Protein chains: 8
Amino acid sequence: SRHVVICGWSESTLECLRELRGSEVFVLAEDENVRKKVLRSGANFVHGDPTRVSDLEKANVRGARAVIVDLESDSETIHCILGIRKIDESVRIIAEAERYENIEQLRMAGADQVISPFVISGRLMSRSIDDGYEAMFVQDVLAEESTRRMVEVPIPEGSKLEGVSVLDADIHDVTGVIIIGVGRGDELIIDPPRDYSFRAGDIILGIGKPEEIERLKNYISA
Amino acid sequence: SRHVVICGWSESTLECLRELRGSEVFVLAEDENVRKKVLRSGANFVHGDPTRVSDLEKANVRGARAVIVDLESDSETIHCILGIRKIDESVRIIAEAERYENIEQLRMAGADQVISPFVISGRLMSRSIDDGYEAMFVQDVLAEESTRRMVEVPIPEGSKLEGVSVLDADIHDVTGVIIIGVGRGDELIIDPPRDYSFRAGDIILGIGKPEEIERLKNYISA
Amino acid sequence: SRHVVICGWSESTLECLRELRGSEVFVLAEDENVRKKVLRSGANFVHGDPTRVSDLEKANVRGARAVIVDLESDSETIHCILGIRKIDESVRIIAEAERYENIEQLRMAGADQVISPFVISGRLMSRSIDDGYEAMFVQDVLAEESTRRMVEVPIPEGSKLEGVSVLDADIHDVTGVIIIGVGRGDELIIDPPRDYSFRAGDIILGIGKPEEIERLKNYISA
Amino acid sequence: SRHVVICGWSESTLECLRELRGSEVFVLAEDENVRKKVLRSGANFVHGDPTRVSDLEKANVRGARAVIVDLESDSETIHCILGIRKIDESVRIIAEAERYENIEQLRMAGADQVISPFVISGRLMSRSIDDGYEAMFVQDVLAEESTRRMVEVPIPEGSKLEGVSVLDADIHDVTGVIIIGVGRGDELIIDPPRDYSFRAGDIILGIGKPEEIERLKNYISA
Amino acid sequence: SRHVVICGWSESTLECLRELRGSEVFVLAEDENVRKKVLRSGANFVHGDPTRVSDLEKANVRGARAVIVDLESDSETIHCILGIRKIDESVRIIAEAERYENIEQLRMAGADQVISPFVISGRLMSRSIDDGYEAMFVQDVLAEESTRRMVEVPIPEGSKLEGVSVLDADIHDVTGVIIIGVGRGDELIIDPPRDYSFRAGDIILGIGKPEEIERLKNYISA
Amino acid sequence: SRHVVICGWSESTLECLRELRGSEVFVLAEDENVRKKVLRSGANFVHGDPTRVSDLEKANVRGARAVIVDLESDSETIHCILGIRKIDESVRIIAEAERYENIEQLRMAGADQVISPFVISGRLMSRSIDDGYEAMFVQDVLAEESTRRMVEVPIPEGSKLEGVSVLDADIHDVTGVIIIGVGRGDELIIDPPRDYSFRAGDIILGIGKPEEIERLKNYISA
Amino acid sequence: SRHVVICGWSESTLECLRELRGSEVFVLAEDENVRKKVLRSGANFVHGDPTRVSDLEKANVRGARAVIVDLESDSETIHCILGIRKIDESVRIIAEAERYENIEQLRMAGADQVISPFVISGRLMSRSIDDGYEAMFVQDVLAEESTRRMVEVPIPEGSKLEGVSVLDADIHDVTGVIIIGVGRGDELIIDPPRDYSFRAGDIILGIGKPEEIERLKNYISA
Amino acid sequence: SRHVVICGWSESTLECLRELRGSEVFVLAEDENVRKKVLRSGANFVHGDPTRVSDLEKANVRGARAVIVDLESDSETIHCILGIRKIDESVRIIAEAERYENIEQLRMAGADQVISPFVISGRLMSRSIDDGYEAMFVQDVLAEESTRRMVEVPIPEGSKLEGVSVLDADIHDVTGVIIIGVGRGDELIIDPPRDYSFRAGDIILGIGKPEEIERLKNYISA
Ligand SMILES: [Ca+2]
Ligand SMILES: [Ca+2]
Ligand SMILES: [Ca+2]
Ligand SMILES: [Ca+2]
Ligand SMILES: [Ca+2]
Ligand SMILES: [Ca+2]
Ligand SMILES: [Ca+2]
Ligand SMILES: [Ca+2]
Ligand SMILES: [Ca+2]
Ligand SMILES: [Ca+2]
Ligand SMILES: [Ca+2]
Ligand SMILES: [Ca+2]
Ligand SMILES: [Ca+2]
Ligand SMILES: [Ca+2]
Ligand SMILES: [Ca+2]
Ligand SMILES: [Ca+2]
Ligand SMILES: [Ca+2]
Ligand SMILES: [Ca+2]
Ligand SMILES: [Ca+2]
Ligand SMILES: [Ca+2]
Ligand SMILES: [Ca+2]
Ligand SMILES: [Ca+2]
Ligand SMILES: [Ca+2]
Ligand SMILES: [Ca+2]
């Protein structure tokens, strides 16, 4: 599609940039000694301060399709998001919250998806005292190397599933995928109850083998 | 149960300490200026250096039921795990990996489970460009504020589900809990196929409402 | 009326505190060695961090009539403003902008008015090269020691001036105050034209002697 | 004309440098890491220590038409003003006070103008608790982007208004310019009373549209 | 006598406080970490900033008999001398000059005597290349451990030496004290010639043993 | 004569370097930004660390006639003095003691003349509370601009003054110079008693006009 | 021969680099400000992070004949040794321990030698309280400037001393070399008892004059 | 006998303190948070600065039998040694040199023996490239756990060995200790030649079993 802009350089945006090989990525960071490791990862580098609007317009934030913001603290991640909202009001911003209490401020400044790593990791430790199958499930469906891949299929308009119930559909019996949640717009419903009825435009978040996913796109098609 | 020792003090172990209320936690850290924040959360403080084998013995690593290791670097986390396996050879170690390439060296040193947050947050930011439900699923089932919970139920000895296959048991149709994976020992099989046979001592990893969980524990009992 | 919260301590808010003798003022700042200066100037002190919602609600932001934000940098002034807009979405926030390009990003954060002193003083030093009356005017009308004081008068309901234009009103000839501007809501018309007709509820900004103000309040009466 | 020497670099002298495009400006400061941004702003840089008289004579203080002094503290601004009066006893110094207390000492040292930003900011914060129209008047007439501009028109020798009082003058009706003060030398009379007569050589401080100001200059013509 | 105020804390004021035992000394400084070392030497501590007029007014500058000023820079010393002359117009000020070119400005700002240590040390280091007796003389007559002392004896009213010339009086031959200079008011005449006439109220600066000082004080009495 | 080496750069060595114009001075300092001010003062610059023996052997310490050592602290001054004494055991070193208690250590390390500026300044402050003629004498006889110059004349072998006593000589009656001290070798006797007898090779430290110094050089000659 | 890789830069690896003149040495360290002194020492510099396996493979660890690892702490030395054993499982690692406790962990990680300086220093301090001859023996046989040198002469296959005991050998009388130990593999027998017989392939650790050592090699000849 | 003072706290003196269990040790260091480590290891603590003569005499340097100096840098180790040589000119000072070029400048300061650990460890890492027996010998004979201990025996007065050469003595063939060196006073002859005749008072340095030492002390008897 279009290009992706990454403001700030940390260990989170490094691992993001491995799964973005084949897209056109511009990285915006203040330290000049990080120019080599960015250019090794297949991403163009732009030297500047990410909080400044004049250095943001270097990195093509206007036409971009997503802007991934991970600066050093949350004071600068909020200040960098509002600089982006001054340029383009409709671009999709994915922040990253260092502390827990700054998740609600980061949504008010304009971020469409706040991903806090230290709360996800902090809750996978205390759920792995007794038995650690929760921390093995989170770190195996996100990797693009395992056998079971967590995908998102949209329900087309003109589908055979418009208006049908879930128990009337029974998608795990026919396709082999596990419907862990159906989301509409900006909301996601984990474990949809039986009286939930599909609509065209909803997103079925599922887990399965890539053969079982190709059977699902035939089941929702016209 | 026995107590839980936390080596190091950062934002990951701060969120682990909020979920360890009620149990007994010792936090072992270098600074004298962190004593006020550990005592405010409900955990006794042990001033020391976690890389030393002598100061680990102050924090009662022997009688622990799990040790949670998160120091400033990856090199100090590898050293602190070797210090624990010098003391006790069967205690459980949960460690935090900063770089991706030190996951194989943190497990060889003796960590029973390695939780890498910057790989998790890196893979969620690359997946939330198009639509962010992969970041919303992982951040809601781990929080103790949602409706659906991700829990681990064991198969007791002499159950009704001894030897029974998955397509015959129908855990999702009878109980209504979503079965995302079945765990045995230290391996997890996400989306078990139709030929999978349940055994005694297995761990079922499931997502459902708390009322749905009560129907599962009554279903797999003896 | 109610109290006033001042977030952060600097030379801007120190001059704000002298003009607020008589009311009740809470000052919230991170240093503990600013305590003896604040209690000597007539205001209660609250030790805390102005960017944390836990220590903003200790200083009673909830029922305040205005909260005055002036922190060390513009990264934290945008953070402290969103911390107030999470607590109360209707309180009045007055912020001080250090630099010029952060004025639009401090209004998007939620500040009701942004006072940039280094843009005011930067433009008064440029206008004082030839003859210095621009800096003598601004620094005299705000000081409450001089004869001519710059006050605002609100137009009450059903006044004699309702619906009349300023050309037919002739405020300077019958009252003697100098109407430099008249504002409705959050806009202001400095030097309003002759085609401007007054309305009920407007705030008339004028400069004059205090004897001329009491002549005007009885002239704008209903 | 002649040049303008700026001693010290801060945020106030940066905004002063924007309005001095078209003049020749020598900036004299101690930081070497500010050489690029001064030369970006269209100003020749002269490295030195501004408190030292051997370095002030580098930057051509003698042939200056104004010296704008704003150093890091108030102690160095008094020392930099004492150094200038040793070189030229008649050059125009525009200072900047940090504290309120030093305005009487920065003017006894020799500065012909003291523009304190933290007192104009401190009195516009506490005048914006109720309704912020005083701050919207100060920050709108100083910018060279609004419609109304605060100008200074001098009275020529032999004018049509030589000797007449302001009440018989009727400046706001024939021209439209709001007359906020009349200045003679270094004394400004805000809201001149009706007994005040004009004199030859007076400087009129007015606010109006640019087409009204050209009506004002031709009305006071000889 | 009255007390002695010391503004600033460095090595010069430390040796001055070592030789001011018995009298009452207040030391006015910025740091809170100098209180133990001021209190260990026998001087009460007044925490403040000496550039402020109020914190100078705390330390009883009005009733002092001399104020000793040695701050971190020369600009702060000039500002502190201006503050003391703002408070009291007749107290004695002794100040330390760091650079040679600020002696004229420290005397013009109001110091009654300026003692420049780095000029003294530079001249003694330039004079001790060939043979170092100048440094030994200046460091030897000022210490309170030698045999010979450098003291000032006044000429009382109606003395035996009223009106008498130097070649007639023979202070070195009768008494045995070395007369290096005779001082009147604020001027010193080192090596007065043969035509010099003593007057009442003069100050004789002499070097000699204490018994020779007793003989001189008995010689110039009435 | 030969050349002079100055280790370190401070105000003391600068004021020393003003009085050494006409000699060949090498300055050794670690900061590279001081090359301009050294090259302005007529002294060649050598970049290096003055504590190192190789960077000392760069700066020609072997053939030098005096080495003037003023580094940042006293530890580095002692270390540089021992580094010099490793190279040449017989070169004359003039140190500079920052604190009082390091004078004996600087003498044991190898310095031939320790000049502490801060002790001289502290004693001249404490002796100038009442009347300030001692500071005027000390700062007036060292300058090479006043009328009375403190010189050192050697007694030649074959003089008319070999073996004569002071009271038999009476040098102030014949020449006009004031014998403030006669020194032999490394010792100096201030105010020589009457039974002191001259020897050939002694140094007469005197104060007087240069014509009186010429008359003294004729009086001690053969 | 092949090259030698030095990981980390400190004072120990600087003195090791002096005795490796004639070899090809690659230094791998993180500081860029050490590039000049490494290239002064005759060693190629390879910038990188030595704890990272992608940067150890830069410096050619695979084809090395020894790797000398000495990083800033003991935690990084264990991590750097674990990284090397992943690359080459048979290369010779010489480490350096900071604490005493980590010698058993630095050898279990894979180092074939651990040379702890702070334990050799700590036992030579407390053996030099009475008479310091043990410290004068350690620091004199290691330098390549004294007359006696500690050498290692191997026993050739088929020697004249194959199978004889040391008591019948009489090495100190025919050669003069003091035999302080005989080593087989990684075990050294200090002061071998008279029942110890020589074997083919043994390595003799001896001390002697260089003319005595050539007498020793020809005496153990085949 | 008497006590031992240790100036400064580091890992060298920590290993010195373990070997000095049983005697009385004072440790003098600037940090107060090293207090709990020192009292736990068996030594009294004295808070102070090791470079000041006031706080060296608090730790009883006067009557000590050896003072062990190891500070943070070589500038302060030379300063602390001269501070001891001002107090007692006959006490024994053992210093640790950080760098190599400061060994000669640490002996001129007055240290009786200088132990450079980074030269010992730097030369052991260079000799362990081919085969590592030089580092195994030095680290084994100093450790008091092994069989062969390196001790010194003094030759008493009137011994059987007085006047005999080492070729006629045959210490190794009779007693069985390995005479690596024999020192008179402050020199040492490692591998003494056959023309060396013994004298009364010499210190014989030998390596052997503890049973061989008691065989030697009865052989060197008188
Ligand atoms: Ca981050
Ligand atoms: Ca679990
Ligand atoms: Ca399946
Ligand atoms: Ca972490
Ligand atoms: Ca997605
Ligand atoms: Ca369900
Ligand atoms: Ca501010
Ligand atoms: Ca103007
Ligand atoms: Ca008026
Ligand atoms: Ca300023
Ligand atoms: Ca108002
Ligand atoms: Ca108008
Ligand atoms: Ca000073
Ligand atoms: Ca001289
Ligand atoms: Ca005398
Ligand atoms: Ca100095
Ligand atoms: Ca005096
Ligand atoms: Ca004379
Ligand atoms: Ca080291
Ligand atoms: Ca010994
Ligand atoms: Ca021999
Ligand atoms: Ca050390
Ligand atoms: Ca070898
Ligand atoms: Ca033996």
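For this deposited structure, the header cites cryo-EM as the method used and 3.5 Å as the resolution.

Colleague: What's the story with the overall build of chain A in this structure? I'm lost.
Modeller: Scanning chain A from N- to C-terminus turns up 10 helices and 10 strands. The dimensions of chain A, computed from C-alpha atoms along their principal axes, are 55 × 45 × 35 Å. Within chain A, contacts between residues separated by at least 24 positions form 56% of all contacts whose residues are at least 6 apart in sequence.

Colleague: Got a minute to help me understand unusual backbone geometry in this structure?
Modeller: A negative phi angle is the norm for most residues apart from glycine, just as the trans form is the norm for most peptide bonds. All names here are of chain C. Look at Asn60: it is not a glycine, yet its phi comes out positive at around 55°. Within the secondary structure, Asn60 is located in the loop between α3 (53-56) and β4 (66-69). The class for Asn60 is partly exposed, based on a relative accessible area of 38%.

Colleague: Just to check I follow, could you spell out the interface of chain C and chain D for this structure?
Modeller: Note: interface size is frequently given as the accessible area lost on complex formation between the parts. Taken residue by residue, the interface counts 77 residues in chain C and 74 residues in chain D. At 10 residues, the largest contribution of residues to the side of chain C that touches chain D is made by helix α6 (residues 117-126) of chain C. In terms of residue class, the side of chain C that touches chain D is made up of 35 nonpolar, 16 polar and 26 charged.

Colleague: In this structure, what is going on with the environment of G:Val151? I would like to understand it.
Modeller: Among the secondary structure elements, G:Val151 is positioned in strand β7 (residues 149-154). Linking G:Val151 and G:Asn33, residues 118 residues apart in sequence, is a C-alpha distance of 37 Å.

Colleague: Explain the pattern of salt bridges here, please?
Modeller: When the charged atoms of two side chains with opposite charge come close together, those side chains can pair. Per the counting criterion, the structure on display carries 71 salt bridges over all chains. Between C:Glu212 and D:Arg194 there is a salt bridge, with its nearest N and O atoms 3.8 Å apart. In this pair, C:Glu212 sits in helix α10 (residues 210-217) while D:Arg194 sits in the loop between β9 (187-190) and β10 (203-208), so the two residues belong to two different chains. Take D:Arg194: its relative accessible area is 32%, and that puts it in the partly exposed class. When salt bridges that share partners are traced, they join A:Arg127, A:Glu134 and B:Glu19 into one network.

Colleague: I'm lost on helix α4 (residues 74-87) of chain H in this one. Help?
Modeller: Residues and elements named next belong to chain H. The end-to-end C-alpha distance of α4 is 20 Å, a good match for the 20 Å that 14 residues give at a rise of 1.5 Å each. With 12 of its 14 residues buried, α4 lies for the most part within the structure. Looking at α4, one finds that the buried residues are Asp74, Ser75, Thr77, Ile78, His79, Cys80, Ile81, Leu82, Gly83, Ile84, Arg85 and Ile87.

Colleague: Whenever I open this one, the state of the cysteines confuses me. Can you help?
Modeller: Simply put, the disulfide is a covalent bond whose two ends are the sulfur atoms of two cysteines. All names here are of chain H. Summed over the entire model, instances satisfying the criterion amount to 0 disulfides over all chains. Lacking any disulfide linkage, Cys80 is separated from the closest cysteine sulfur, that of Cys7, by 3.8 Å. Assessed through its relative accessible area of 0%, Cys80 is described here as buried.

Colleague: Just checking my understanding: could you explain the nonpolar core for this structure?
Modeller: Within soluble globular proteins, side chains that are nonpolar generally end up buried alongside one another. Among the nonpolar cores identified, the biggest contains 69 residues, and E:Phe137, F:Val27, F:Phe137 and F:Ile180 are the most heavily contacted of them. Of the residues forming this core, the biggest block, 5 residues, is contributed by helix α7 (residues 133-141) of chain F. By size, the runner-up hydrophobic cluster in this structure holds 68 residues, among which are G:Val4, G:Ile68, G:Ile115 and G:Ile178.

Colleague: Is there a simple way to think about the sheet that holds strand β10 (residues 203-208) of chain H in this case?
Modeller: Two pairing modes exist for strands in a sheet, parallel and antiparallel, and in both the strands are linked by backbone hydrogen bonds. Residue and element names in this part refer to chain H. Here we have 4 strands laid out as an open sheet, ordered β7-β10-β8-β9, and antiparallel in their pairing. A single partner strand is all that each edge strand has here, and the edge strands are β7 (149-154) and β9 (189-190). Judged from the 6 bridges that link them, β7 and β10 form a sheet pairing that is antiparallel. When the bridges of β10 are listed, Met150 appears paired with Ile207.

Colleague: Looking at this structure, I do not really get the pairing of strand β8 (residues 178-183) of chain C. What am I missing?
Modeller: Along any regular strand the residues' side chains alternate between the sheet's two faces. All names here are of chain C. The element β8 is extensively covered by neighbouring structure, given that 6 of its 6 residues are classed as buried. In this sheet, strand β10 (residues 203-208) lies alongside β8 in antiparallel orientation, the contact comprising 5 bridges. Among the inter-strand pairings, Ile178 is bridged to a residue of β10, identified as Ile207. Note: β8 against strand β9 (residues 189-190), 2 bridges, orientation antiparallel. Looking across to β9, one finds that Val182 is bridged to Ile189.

Colleague: Explain the packing of helix α6 (residues 117-125) of chain A against helix α1 (residues 11-18) of chain B to me, please; I cannot follow it from the model alone.
Modeller: Between two packed helices, both the angle of their axes relative to each other and the distance between the axes serve to describe the pair. α1(B) packs onto α6(A) with a crossing angle of 50° between their chain directions and a minimal axis gap of 7 Å. In this view, α6(A) runs oblique relative to α1(B), as classed from their interaxial angle. Crossing angle aside, the handedness with which α6(A) passes α1(B) is right-handed. Contact residues: A:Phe118, A:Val119, A:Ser121, A:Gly122 and A:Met125 in α6(A); B:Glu11, B:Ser12, B:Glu15 and B:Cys16 in α1(B). Residue composition of the contact of α6(A) with α1(B), by class: 4 nonpolar, 3 polar and 2 charged.

Colleague: What is the right way to look at the side chain of F:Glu98 in this model?
Modeller: Tracing the chain through its elements places F:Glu98 in the loop between β5 (93-95) and α5 (103-109). Lacking a salt bridge, the buried F:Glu98 has F:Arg99 as its closest oppositely charged neighbour, with an N-O distance of 8.2 Å. In this structure, F:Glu98 is in contact with E:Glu11, F:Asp70, F:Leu71, F:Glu72, F:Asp74 and F:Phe118, ignoring residues within four places of it in sequence.

Colleague: How do you make sense of the interface of chain H and chain F when you look at a structure like this?
Modeller: Residue-level contacts link 17 residues of chain H with 18 residues of chain F. Per-residue buried area on chain H facing chain F is highest for H:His79, H:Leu82 and H:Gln105; these three make up 38% of the total on that side. Here chain H is connected to chain F by 0 salt bridges. Linking chain H with chain F are 2 residue pairs in polar contact. Mapped onto the side of chain H that touches chain F, the elements with two or more residues apiece are α4 and α5 (104-107) of chain H. For the side of chain H that touches chain F, the element with the highest residue contribution is α4(H), accounting for 7 residues.

Colleague: Whenever I open this one, the arrangement of the chains confuses me. Can you help?
Modeller: Across all C-alpha pairs, the smallest distance from chain B to chain C is 14 Å, and the two are not in contact. Left apart from each other, chain D and chain F have a closest C-alpha approach of 11 Å.

Colleague: Sorry, what's going on with the relation of the copies chain C and chain D here?
Modeller: Note on the chain copies: they are related by a rotation about an axis and a translation along it. The two copies are related by a screw operation: chain C maps onto chain D through 180° of rotation and 0.1 Å of translation along the axis, at an RMSD of 0.3 Å. Given the turn and translation reported, the copies of this chain are related as if by a two-fold rotation axis. Of every C-alpha in chain C, the one belonging to C:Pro117 sits nearest the axis of rotation, 2.7 Å from it.

Colleague: Which parts of the structure should I look at to understand a positive patch on the surface?
Modeller: There is a patch of like positive charges on the surface, built from A:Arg52, C:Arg99, D:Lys36, D:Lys37 and D:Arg40. Along the polypeptide, D:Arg40 turns up in helix α2 (residues 35-40).

What counts, and where the lines are drawn
- Summary of conventions: residues on each chain are numbered from 1 in written sequence order, possibly unlike the entry numbering, and any residue without coordinates is omitted from what is shown.
- Here every chain gets a letter starting at A, and every ligand a number starting at 1, in the order they are written.
- Note that the side-chain values use all heavy atoms of the structure and ignore hydrogens as well as water.
- Residues with missing side-chain atoms are left out of burial classes, side-chain pairs and their counts.
- Starting at the N terminus, helices and strands are each numbered in turn, a helix being any DSSP run of H or I of at least four residues and a strand any DSSP run of E of at least two.
- Contacts are assigned to residue pairs with any non-hydrogen atoms lying within 4.5 Å of each other.
- Burial here depends on accessible area, computed with a 1.4 Å probe over protein chains only, as a share of the maximum for the residue type. Under 20% is buried, over 50% is exposed, and the range in between is partly exposed.
- Residues are grouped as follows: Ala, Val, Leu, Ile, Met, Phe, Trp, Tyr, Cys and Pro are nonpolar; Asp, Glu, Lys and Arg are charged; every other residue, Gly included, is polar.
- A pair is scored as a salt bridge if a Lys or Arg side-chain nitrogen falls within 4 Å of a carboxyl oxygen belonging to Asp or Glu.
- To estimate the expected span of a helix, count its residues, drop one, and scale the result by 1.5 Å.
- Any pair of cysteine sulfurs within 2.5 Å is marked as a disulfide.
- What makes a nonpolar core is a set of buried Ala, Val, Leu, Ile, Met, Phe, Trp, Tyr and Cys residues whose side-chain atoms join them at distances within 4.5 Å.
- A strand pair is defined by DSSP finding two or more bridges across the two strands.
- Here the axes come from fitting lines to C-alpha atoms, over the contacting stretch only for helices, and the angles between their N-to-C directions go from 0 to 180 degrees.
- For classification purposes, an angle smaller than 35 degrees is called roughly parallel, one larger than 145 roughly antiparallel, one from 65 to 115 roughly perpendicular, and anything else oblique.
- Crossings are classed by handedness, with left-handed meaning an anticlockwise turn of the near helix from the far one by less than a right angle and right-handed meaning a clockwise turn.
- Under the convention used here, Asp and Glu are negative, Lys and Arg are positive, and both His and the chain ends fall outside the count.
- When two parts are put together, the accessible area they lose, computed with a 1.4 Å probe and summed over both, is reported as buried area.
- Whenever two N or O atoms come within 3.5 Å, that pair is a polar contact, provided that in protein one can donate a hydrogen and the other can accept it, and provided that, for residues adjacent in sequence, both atoms are side-chain atoms.
- The fit that places the copies together is a least-squares one on their C-alpha atoms.
- Each patch is built from salt-bridge-free residues with over 30% relative accessible area, joining like charges within 9 Å and nonpolar side chains (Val, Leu, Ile, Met, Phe, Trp, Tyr) within 5 Å.
- Using a 1.4 Å probe, accessible areas were evaluated by the Shrake-Rupley method; residue-level cover was limited to the displayed protein chains.
- Charge positions come from single atoms, namely NZ of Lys, CZ of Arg, CG of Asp or CD of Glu.

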